[PDB]
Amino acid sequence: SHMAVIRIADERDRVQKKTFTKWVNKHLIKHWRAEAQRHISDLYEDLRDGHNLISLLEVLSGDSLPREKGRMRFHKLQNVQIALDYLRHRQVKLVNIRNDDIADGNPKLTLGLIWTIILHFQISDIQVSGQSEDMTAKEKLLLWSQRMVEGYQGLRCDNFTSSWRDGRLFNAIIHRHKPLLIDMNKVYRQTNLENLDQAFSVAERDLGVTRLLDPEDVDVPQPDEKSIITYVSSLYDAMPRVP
């Protein structure tokens, strides 16, 4: 039923919005200016005037950016363009996004923009042995993921969706780095949620990785790709060495 597919597609979007919202908040709070340490309530509303966008880029780059102090739409578009122009200076190719779209809270383009920023700042230097230079950041992260669970019995990482549903990969990657923290023998028998909860809990408590995903989000036949990548990438950053 087409109704089933839309249901799943809408669900993946719900998860992506929740994920990017947590990711943005994670960084915004690290901003040096107290009043810039804002909290996003609705990703489709709190980036519209451009201020949080500028703050996000400042925190991620350490670079200082100007801000319009007016309230006219003209000021908002300009505020948004400051952020968009910085990304271009950074040689980031902007996909299909206009000032107007961000100023009007365009859902898809807003998520698209946050995705672009995540990709550029968090998934820009993955290094993995066996790496082939032509590979994209996404392809590199997938190889790193595969390289990481290499020596584990019967578990493959064919992608950034279904492959991560049962929590097995998440636990193996943690174990690979801190075996004394994960009982791999037990992760094979227990439920998907059980594995997901454990992984996210250990990652946070012992590796200091923010819990971007809820086990309930990932235990679906096709988890949201970008949500998975985003979190997996933050797992990579918690790793001290390169496989």
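Sequential numbering from 1, following the sequence displayed.
- Remark: stretch with higher mean C-alpha B factor among 167 to 175 and 128 to 136 is 128 to 136.
- Stretch comparison (181 to 189 versus 201 to 209) by mean CA B-factor in the PDB entry places 181 to 189 on top.
- Taking only the listed residues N96, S162, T110, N99, the entry reports the highest CA temperature factor at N96.
- Across the options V149, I118, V80, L141, the residue with the most elevated CA B-factor in the record is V149.
- In the PDB entry, a CA B factor belonging to the middle third of its chain's modelled residues is recorded for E58.
- Sort the chain's modelled residues by C-alpha temperature factor and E35 lands in the highest third, per the entry.
- When the CA B factors of the chain's modelled residues are split into thirds, the value for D49 lands in the lowest one.
- Placement of the Cα temperature factor of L84 within the chain: lowest third of the modelled residues, per the deposited record.
- Residue-level temperature factors show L28 in the middle third of its chain, judged at the C-alpha atom.
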